[PDB]
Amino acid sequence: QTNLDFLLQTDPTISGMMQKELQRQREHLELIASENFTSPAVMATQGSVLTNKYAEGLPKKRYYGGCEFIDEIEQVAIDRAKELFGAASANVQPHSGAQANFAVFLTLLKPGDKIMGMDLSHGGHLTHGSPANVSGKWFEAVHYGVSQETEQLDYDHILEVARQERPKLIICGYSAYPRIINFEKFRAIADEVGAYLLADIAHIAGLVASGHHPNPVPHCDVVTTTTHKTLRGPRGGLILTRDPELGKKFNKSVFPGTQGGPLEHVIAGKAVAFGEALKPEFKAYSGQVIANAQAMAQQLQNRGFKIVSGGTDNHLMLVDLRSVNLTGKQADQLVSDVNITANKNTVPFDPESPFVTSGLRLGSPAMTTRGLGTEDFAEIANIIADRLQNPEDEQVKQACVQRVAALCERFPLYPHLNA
């Protein structure tokens, strides 16, 4: 008898909904740029008895008895993180990217200090100073955005904003930014104004780890990330720093500063994900992720769609829909009708509200994990274009549904589960 058997027997309601989610993942193009398909080995750790252990503290320095094997696992996670990112220090306990960022704020700032991040509507994250988040509620948040002429960062402009605002912390790393970030220029800016510098590399962490994006670790005071976007791990957070003394302060801000017990089953999954990312295959995967995103962006452009900034150098893109006279909300609905899963997103300088938007955010990591290549991503672009150009045409609709089904059949997902 298996744990899944017990679930079916004791809670058929939840068992059936979970099986429907597996089928959903199998039968949609999962183009949400922040999603991935984590490995069977990672899922095994998350389904383990490690959930039962209280392990407040750090390896060998715990507030609870019984942590001998949890300590071995968490130290492997730390050591593999330091290896994978070339970092002198790593804390693998943050529950999420948001909680990683907050522990950094607790270390470096006090309430009322000034933080500078990218405007939420230009691709910054809610935890980088949004009024609805603690970062904008308890701190003075100021913003920079992208240039209207390029739709990407203008570093001289960022320097001028920094000089005018004199923030205590500058944040770089974003949620919808398709170009390479120059961490050396951010360090030059931070040094000129005397600010701390955080890189939140959540989206791009797998590309950083594999050498397909510049590395912030030697340049920034601290690097935070999720483990679950391009890094393809379990859902959670991570704090890295080049300064090992500062890293000890970040440890104290994770626990007891902001969290209680760590999720040790998730931390075992982090160890597994970092081990996978250290293999040559992960570098090839990350290169394919970028090639696939570029193939999709280019074919969307061939079909008449505007890509914000004119292309991408990473795994994601924003489609600016003002051309096909659709909002992002409308386009997201229209692609969902043909079994394509994405999310709407404001574009820089968007005339629509954040509840409507002019953009659709698409990314390649999840379908690249399923094995799709560049020609398959050009086919995805053509399905999207066909649907959005002919939203009333039922025969185009069915052709799109069928072409999605063919892609899903060609590239099975977790075929050993509930076959």
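Throughout, we count residues from 1 along the sequence that is shown.
Engineer: So which stretch wins on mean C-alpha B-factor, 208-216 or 232-240?
Structural biologist: Averaged over C-alpha atoms, the B-factors run higher in 208-216.
Engineer: Averaging CA B factors per stretch from the PDB record, which one is higher: 44-52 or 354-362?
Structural biologist: Averaged over C-alpha atoms, the B-factors run higher in 354-362.
Engineer: Looking at the C-alpha B-factor values in the deposited entry, which of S89, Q152, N101, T227 comes out highest?
Structural biologist: Highest C-alpha B-factor among the listed residues goes to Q152.
Engineer: Could you say which of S96, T127, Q259, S147 has its CA atom at the highest B factor, as listed in the PDB entry?
Structural biologist: Of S96, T127, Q259, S147, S147 has the highest C-alpha B-factor.
Engineer: In terms of the CA temperature factor given in the entry, to which third of its chain does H122 belong: lowest, middle or highest?
Structural biologist: CA B-factor rank for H122: highest third.
Engineer: For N292, does the deposited CA B-factor place it in the lowest, middle or highest third of the chain?
Structural biologist: Lowest third.
Engineer: If you rank every modelled residue in this chain by C-alpha B factor, which third holds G371: lowest, middle or highest?
Structural biologist: Tercile = middle for this residue's CA B-factor.
Engineer: What third of the chain does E30 rank in for C-alpha temperature factor, lowest, middle or highest?
Structural biologist: Lowest third.
Engineer: Taking the values exactly as deposited, rank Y174 by C-alpha B-factor within its chain and report the matching third: lowest, middle or highest.
Structural biologist: Tercile = middle for this residue's CA B-factor.
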